[PDB]
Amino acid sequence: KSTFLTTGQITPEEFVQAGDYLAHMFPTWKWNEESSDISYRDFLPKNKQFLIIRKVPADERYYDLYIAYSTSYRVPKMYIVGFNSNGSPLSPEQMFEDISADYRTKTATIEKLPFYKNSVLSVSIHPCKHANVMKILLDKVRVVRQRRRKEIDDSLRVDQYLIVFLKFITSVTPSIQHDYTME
């Protein structure tokens, strides 16, 4: 029915599914709570607009990572907000230091969190080629399970989509200390 292993793309309903699972397997990740500061999208539940993780350490530095849903590319899109140890907001050229050079120059931009009425500067990873990446990563995971089994139902389910997405993001943000381990 779903073509997500074929397209690397998710629907809004599937985004919510993968988010719930991510929030379950890793409770450091939480859905947004309802707030008047939030610019709501009609195509998502009010309490399931975007995913938040708080103060992930770097190097000191700390990051709030946000996972929103890109409607144009039907993929998740990430936003990072950095802070110094004293809690002072980091600067765009500081935040660029914590992003892989090659991937930084090609995908990263500075913009406010689009889901907040109140302006909060962040670094935006453009999701232009996320679908192609996920398409490859999901099938690669499948091969690993295929080899592990050999000692078809090895393909992942869609609510596991975001964990694969985060494993991808972690590689692009190495200094940010978060990792996602399964099996």
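Just count from 1 along the sequence shown to find any residue number.
According to the entry, the deposited sequence places 10 or more unmodelled residues between residue 59 and residue 60. Unmodelled deposited residues between residue 151 and residue 152: 10 or more, per the record. For the segment pair 33-41 and 154-162, the entry gives 154-162 the higher mean B-factor, averaged over Cα atoms. If you average the C-alpha B-factors over 14-22 and over 169-177, the higher value belongs to 169-177.
Within the group 142, 130, 117, 48, the record's highest C-alpha temperature factor is found at 142. Per the PDB record, residue ranking by Cα B-factor puts residue 70 in the lowest third of the chain.
Sorting the modelled residues of the chain by their CA temperature factor places residue 78 in the middle third. Placement of the Cα temperature factor of residue 147 within the chain: highest third of the modelled residues, per the deposited record. The entry lists a Cα temperature factor for residue 109 that places it in the lowest third of the chain's modelled residues.
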